[PDB]
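Using the entry's author numbering, read the first sequence as starting at 149 and increasing by one per residue.
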Amino acid sequence: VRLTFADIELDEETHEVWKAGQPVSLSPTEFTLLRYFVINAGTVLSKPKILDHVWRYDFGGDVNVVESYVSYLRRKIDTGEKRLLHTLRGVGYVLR
DNA sequence: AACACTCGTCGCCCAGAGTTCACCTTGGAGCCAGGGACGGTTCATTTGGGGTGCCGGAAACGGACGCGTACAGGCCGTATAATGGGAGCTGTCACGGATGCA
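Here is the structure:
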């Protein structure tokens, strides 16, 4: 029941993430974003998918919020040499 | 084939099984009288405790905001000479009528 992808190890019940034994504390928004990324490993998720699921539907603001959060997650857990959370321009994001 | 003995069966006669019929007692079953203490109730405390609204403020956190970079798509130009397509395969018939020629 432990969510995994190679380096990243996310546990829902205890609510923190490991990088091969390296825990880091994340904000709730970014935590939901990372969780609902990891459960969709290798699959493209578009911006409406991201906003409707991680954020509530009634989010009436502009989209770059997810851009900033993906930047946060990249500088936090992608900070290893290899790049996992890749971006497909005009489509979305995939962790792979 | 001739001859002289011992055993059920019944009645009868006297004593009690045990049953009825029929006499005295005495532990009552309950009925009431009297006296707690008692547990249910109620009401005085009693301050031990729950409680809280707001903040100085410390720190996360959510996002705006400005400014860099990134391929995607578009425009543009290449100076020896290079000057009129391959290919299509066509076994129908009926037949009304226009139609280009009669």
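Just so it is clear, CB atoms sit at the ideal spot from N, CA and C, and this is done for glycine as well.
Inclusion of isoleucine 156 and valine 186 in the CB contact set at 8 Å is warranted, their separation being smaller than that value. With distances taken between CA atoms, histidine 201 lies nearest to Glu178 out of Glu178, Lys230 and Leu236. Around the C-beta of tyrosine 217, 16 or more other C-beta atoms lie within 10 Å, and the residue is accordingly described as buried.
Here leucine 182 is actually not in contact with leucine 199; their C-beta atoms are around 16 Å apart, not less than 8 Å. Shown here for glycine 240: same chain residues with a beta carbon closer than 8 Å to its own, the five before and five after excluded, namely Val192, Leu193, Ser194, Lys195, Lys197 and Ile198 in chain order.
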